[PDB]
Structures are given as C-alpha cells and as structure tokens.
C-alpha cells in the first residue's frame, strides 16, 4: 500500500496526472527472463526465477499509454517503474542498479 502510493505519487508528478484518480492493480507471475533486461537478468541471478508483478491501470494511465509496475522476487523488491508511451521499460528502482 505504501509502496503503491509512492509509485502513484512519483508517476502522477512525473507525468502531470490527476493525483486523486483511483488506480487498480493486476498481478501476474512471470519469469524474469521475459520481463527484465537480458544482461540484468543474467548478472542478477534471476534466470528462470518467478517474479510477482503488479501492473497498475486507470483512465488517465490508459490515455497516457503508461503501465506503472512493481516487481518482486518472493519477498525481495526487484523493480519499481513504468512502461512509457514508446513501449520501453523505465525504472524508478532496480535492485543493485545505480542510475537505471
């Protein structure tokens, strides 16, 4: 809840979205190989490991073509970020990555 609200605050300020809009969440489990960058998956010992993913969606998020997400590996926070308008993965946070 707190991390969700932090992600929401960050995204709404970064893209000038309405602060009061309700966000909904879709949770999906998938191996890191299909989600995270290739070399990051290899160097982070995440190959063939299931990530618990949370993708957030709303009306303005749909109009903005943005998918904010939070990725966990079991109980380890892996990534916080969003897929942008150009279908690229932008990271607010990536485990053991400075300036992702």
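Whichever C-alpha set is largest while still superposing within 1.5 Å between the two forms counts as the rigid core. Residue numbers count along the first chain shown, from 1.
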Q: Between 85 to 93 and 21 to 29, report the one with more C-alpha displacement in 4 other deposited structures of this protein relative to this form after a rigid core superposition.
A: 85 to 93
Q: Could you check whether 59 to 67 or 37 to 45 drifts more from the shown form in 4 other deposited structures of this protein, using RMS Cα distance once the core is superposed?
A: 37 to 45
**Q.** 26 to 34 versus 44 to 52 - greater average Cα B-factor per the deposited record
**A.** 44 to 52
Q. Can you tell me which stretch has the higher mean Cα B-factor, 35 to 43 or 64 to 72?
A. 35 to 43
(Q) Based on the deposited C-alpha B factors for this chain, I'd like to know if residue 80 is in the lowest, middle or highest third. (A) lowest
Q.
Looking at the temperature factor on the CA atom of residue 17, which third of the chain's modelled residues does it land in?
A. highest
Q: Please place residue 94 in the lowest, middle or highest third of its chain by C-alpha B factor as given in the entry.
A: lowest
